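Working notes, beginning with the structure itself.
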Amino acid sequence: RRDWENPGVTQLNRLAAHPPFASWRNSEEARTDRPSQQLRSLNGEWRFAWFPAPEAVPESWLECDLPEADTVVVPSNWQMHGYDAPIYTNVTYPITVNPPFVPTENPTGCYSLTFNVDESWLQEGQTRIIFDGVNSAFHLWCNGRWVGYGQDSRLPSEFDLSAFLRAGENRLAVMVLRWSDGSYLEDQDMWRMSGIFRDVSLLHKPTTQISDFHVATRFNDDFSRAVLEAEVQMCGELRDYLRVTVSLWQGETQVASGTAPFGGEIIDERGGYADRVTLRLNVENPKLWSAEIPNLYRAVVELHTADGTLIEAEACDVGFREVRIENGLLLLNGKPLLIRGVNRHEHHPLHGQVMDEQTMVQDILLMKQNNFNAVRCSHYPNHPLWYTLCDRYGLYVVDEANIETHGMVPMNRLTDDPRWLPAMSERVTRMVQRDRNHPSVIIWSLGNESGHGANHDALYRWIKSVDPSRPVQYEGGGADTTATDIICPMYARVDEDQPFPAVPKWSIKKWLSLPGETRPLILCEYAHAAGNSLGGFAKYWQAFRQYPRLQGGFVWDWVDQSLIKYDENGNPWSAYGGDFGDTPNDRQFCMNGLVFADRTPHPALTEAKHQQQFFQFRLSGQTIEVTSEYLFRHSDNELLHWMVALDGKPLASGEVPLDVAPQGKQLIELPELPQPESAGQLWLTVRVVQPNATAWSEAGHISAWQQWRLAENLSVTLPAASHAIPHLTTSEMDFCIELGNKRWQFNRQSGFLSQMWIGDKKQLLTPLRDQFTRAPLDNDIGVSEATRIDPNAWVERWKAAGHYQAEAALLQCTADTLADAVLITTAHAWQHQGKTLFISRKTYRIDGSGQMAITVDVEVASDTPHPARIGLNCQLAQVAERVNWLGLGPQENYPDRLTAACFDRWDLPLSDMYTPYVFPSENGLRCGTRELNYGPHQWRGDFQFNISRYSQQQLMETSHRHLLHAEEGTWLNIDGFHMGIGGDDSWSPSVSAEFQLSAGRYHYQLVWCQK
Amino acid sequence: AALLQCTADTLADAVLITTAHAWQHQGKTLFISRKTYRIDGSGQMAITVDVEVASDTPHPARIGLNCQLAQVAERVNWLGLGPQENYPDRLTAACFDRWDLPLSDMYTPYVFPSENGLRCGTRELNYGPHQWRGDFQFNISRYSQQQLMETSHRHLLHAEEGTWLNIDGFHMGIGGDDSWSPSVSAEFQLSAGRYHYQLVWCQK
Ligand SMILES: [Mg+2]
Ligand SMILES: [Mg+2]
Ligand SMILES: [Mg+2]
Ligand SMILES: [Mg+2]
Ligand SMILES: [Mg+2]
Ligand code: NA
Ligand code: NA
Ligand code: NA
Ligand code: NA
Ligand code: NA
């Protein structure tokens, strides 16, 4: 019947969806969420055989093991075991678009397992098998007999096996199809894999059982009182002696308990639900749940007889919180939220899409430690443990239906088609039925990038109808359709409109006030983090804080979707689209996370942490004003450390306890500070420290910081008259300056400093020359390709203008001797096709102190695309261990992404001055630097710089980081100016005007000397 | 202005004068100005100016040079934004072109005297036998900034000897969102800390 090519058949003999069950036969166990002997895990070693198509599967496989089969671990994605290749495609479907058909060559994975079942499980009750996740469709057999079928790769499919099992050994056979009509609703931008990638378990339930239960919490006006309402449903034989008891606990303290026989209130002309009952429990002064303070209660649901015999018990963690939209604002417990969120795909560099507790906990800790309070399940229901962790650790969750049809044309071709409504409805309804009791879930999403169809409006209303406790959002069709309670655009900019036809992305500030608009705005996706990105992140947060209805967004995204591969020598390396022979593919577009696949932070993560801080600061004289952005908690685990330093040299510091109420302020007056002796700029740095450890952080954790320039005393003292005077030697080929053990060689043909000597040791491997280009960042490239060039992308504009091929034409090179120094004057023209792009005019002044002052003045043709940078570069002959500098750091920072960096004296091993982006590009820049020390060299001024063993040329010509080779010496790039990196999105120019080098004329000066 | 340095050097085809000044008040260094004057065999004087502004001092109204010329000419010819008075935050209406007006038009008769007549984005200025070239803002009139500041009514202003010239590498915005509180937007305040501009003074 080819059920996998029929959207009308999404399952066969599958049991109803429901909240997590464990069927405890002991109430204390249910209260403490301890393991249940009735819920068995079937994870572990299974038998597996790969086939090119279901027609290739031998009928013998149903009755017994295939000798050809291998023993593999389950859960897993069979691509991770190397049976076939994982495919990385963004929008374009991995299969020919011909709904509801899939390729005849359909990779088929045959899983089997021989397992034991005790007769006690079969003598009474019901035994069901639970598949938490099977990608993308499968048929199930037990002991050779067909059981059922199921689709939707991200929700559990359960089947009753009571009539198929026997005491002792039993064998399951699962035929998993890689492609199915379900694949048409699973076009998410991620690796396309398959298999039994989530847990498999067996659950025993009594015949008379709890088949479902919904927990809800209502409050009075000030949240000082609440009522917990628990609707319980049963299956099996109704008996007057049956009872349901619901008890609520706060730790080991029982807060409330209620008991009642089955029989619900009258519903309509035919009566009510004889198989249901609703318990209502009053709770005075409830401890409220929030991401700030994840207070949780435990609700235990007991099904028992009047005489007191327990039949079975179920339970869940309960978080008392109200979520509602009022007067245009999304409120949690009556307070307006500020969503510091991120989109998070379920991805592991080694295990593919199989999630484990350790990885989940690690992600959550990193998120909270970096000031994130919310996560969007892009773009499907997650592993069930994810919600439990978010409930307990405290994170707001957007639960999203597994529906994405991005590849359709138009995007809503299937979602506006009534014939696909059934399939879509199951993806939404079964998600709600499964996760509705989790307090962490505060918003339901109808899916992602599937246009806007009538099916969306229908399902939007279904959710509003069945669960009025949570708002529903959906971005498809313009981000503000009738299917969303929240304006949730993706990549809409702060001030710039992008008036696309039909689905425009208005400036978020403008969007809010469009005629008749009243809803809150929270970006479902923003700040695309591809490689060296997040430029302009501060601009979003300034807007979020100033506009009440701009309530945040979810960054795109958490982790790079890179996979590990091994070279000829067995060494591991990060691979992306196309590295598995997969084609077509979208190469490196699968990597745009704030952290590498192994969870190591990208530099951009700290920018996010700083901008998402929960404490705001203002300075006025000696008074520091601390304002709390917390909505519910007092600062009961925070103290403020302050430090005043003169050009990196500490002069004073101290610490004051923070005692600020949510939304409150605290004034802190700094002690009378003694005036410094030497000249320089005094800097004030404050940081909030958490003295005590928490569930998500260690003692001493820094949660926020800020800096201010205090008094500055300009140096007005002149340097003592030098002893010696530099000697100039003029030859037809060079201008040589000599002073003591130092020598400078200027080539008169090139007009550049070609060599410098300290003693008899050469200091340069490559002359010191102007540089106006950079190895293109992901944002500079966009979607441009050699086969499909995007003339609008920055990299293409630079290439077309000849920025990368420009040659220096010497216009002037002269030498002059002064009373105490030698002055070399040069002028160069960079041309391409007879076009003068840039003109650099310089003067080098070498005086008796051995210092070389370089003054640079550049002209940039107003009609050439603004250059990526304006500076100098050279390859130093030396390689040192440390890099010391007075400036912004310690991490990588660019003009439009340097708010998190702090001005101070930093010292790091050379290696930390290089950022290992999987896709090589300009990196490691540090801005606002007044002094740089490397080996025997020191550079002073006011510049930006990067230093590493990789030339810009190599970074630009290398596709993967593991292919980079350290070059001889050290490449130094010192810029007077550097273009922003952008990142509002990665398919169009996103560098704001104020961060583009458009002045036309630029000036900077550097002093080079021996440290 | 406290003088910190003033040297003279003779080059292959020119004379180079280098100076350094520090403007102080109550022992506080407000601004430091470093310059070089290069006079070549063609009679042109190239002036390079580099200024440091203490970060803790209120951002300055302008950063430039001024002097009282001995001559009084009838016309002012310039290649820049014009023809009317324009400032950094009020120059959108002005157009870049070659303008030529009588001296009086380079002065705006505001009833209450103040800085006025500025023209921005100017690459060349011509007055009498003088010619200034670069990328600066300037105003030129028979009234000193001092007189303008000390005179309450325009009718009480008297033309001074010669002509007062104010050439700025940079000039602060004039603001105006209201007139009882600071209204010059951040992007138009001179808060960069370090400023650079260059001019060539010659005779034509
Ligand atoms: Mg089907
Ligand atoms: Mg047997
Ligand atoms: Mg998509
Ligand atoms: Mg800051
Ligand atoms: Mg205009
Ligand atoms: Na807001
Ligand atoms: Na991507
Ligand atoms: Na505290
Ligand atoms: Na590259
Ligand atoms: Na006046």
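Computed from heavy atoms alone, side chains included, the values below leave out hydrogens, waters and symmetry copies. Here is the naming used below: chain letters follow the sequence lines, and residue numbers restart at 1 for every chain.
- With respect to chain B, the highest number of heavy-atom pairs below 4.5 Å among A/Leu818, A/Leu682, A/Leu823 belongs to A/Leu818.
- Remark: B/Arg38 does not engage B/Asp9 in a salt bridge, criterion side-chain N to carboxylate O under 4.0 Å.
- Most heavy-atom pairs under 4.5 Å with chain A, from the set B/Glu187, B/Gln5, B/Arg123: that is B/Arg123.
- Residue with the most contacts toward chain A among B/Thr57, B/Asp50, B/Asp56, B/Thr48: B/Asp56 (heavy-atom pairs, distance under 4.5 Å).
- Interface summary for chain A: among B/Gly193, B/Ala54, B/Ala22, the most heavy-atom pairs under 4.5 angstrom belong to B/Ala54.
- B/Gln198 touches chain A through its side chain: at least one heavy atom from C-beta onward sits under 4.5 Å away, while N, CA, C and O do not.
- In this structure, B/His25 has its ring center no closer than 6.0 Å to that of B/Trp23.
- Contact tally against chain A (heavy-atom pairs below 4.5 Å) for B/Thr7, B/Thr10, B/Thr29, B/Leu30: the top residue is B/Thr29.
- Between B/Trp99 and B/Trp78, the ring planes are tilted. Angles from 30° to 60° get that label.
- Side-chain atoms of A/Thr899 and A/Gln611 form a donor-acceptor pair, as typed in the model, at a separation below 3.5 Å.
- Sequence neighbours left out, not one pair with a member in residues 172-184 of chain B passes salt bridge (charged side-chain N to carboxylate O under 4.0 Å, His left out).
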